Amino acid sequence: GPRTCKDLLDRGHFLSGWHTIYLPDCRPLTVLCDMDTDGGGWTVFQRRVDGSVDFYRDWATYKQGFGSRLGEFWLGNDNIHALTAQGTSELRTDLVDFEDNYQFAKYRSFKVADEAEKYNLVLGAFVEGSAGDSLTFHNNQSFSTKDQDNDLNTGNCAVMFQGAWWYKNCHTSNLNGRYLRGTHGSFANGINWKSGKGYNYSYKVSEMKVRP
């Protein structure tokens, strides 16, 4: 049984799409495989495309995943942990702006600790990216939702920034923020990536994906 989207590609599945893979415990998970980008074989765990799905959600909803296979989704923190748990996988963030310019950022390794240990981002070196590095900042940080104050801020970033992320004090990227659609008067609260288009530009497309 295929472990990853990479295995599916090696088995001759050349079209991107939803396929079932088997996580280490042999639980089946239907995941979105990107078989085109950068050699293919990526498992996509976040996708924003059109603002049809609310990403301003609570801890339990980020834990189990939400959205739709027909568009936007977060795969879920438990699933992302299970996917990235033993061994390691490249993280790749793909971004597409309103003018259709591609930026990306690729980290050597990526995982998140299980719910007992919050979803602490354990993340390797930045390898390369036109987006620049905007995650290492958040390394060794719990994930935080509006109703879960694991952030070290005097107040609540998730509420301040209308999303969820490994918030510290507070964020340099915010890809699960509001779908504001370009540049946006308010501060730090869209699909932002600081080193990319900054704290006042919300991307059109966001995808976070993993590969062995």
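Residue positions are given as counts along the sequence shown, with the first one as 1.
If you average the C-alpha B-factors over 193-201 and over 19-27, the higher value belongs to 193-201.
Stretches 76-84 and 103-111 differ in mean C-alpha B factor, with the higher average recorded for 103-111. Of the candidates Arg69, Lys63, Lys168, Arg57, it is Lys168 whose Cα B-factor is highest according to the PDB record. Of the residues listed, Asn176, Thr37, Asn150, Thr43, the entry assigns the biggest Cα temperature factor to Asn150. Sort the modelled residues of the chain by CA B factor and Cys157 lands in the highest third. The entry lists a Cα temperature factor for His184 that places it in the highest third of the chain's modelled residues.
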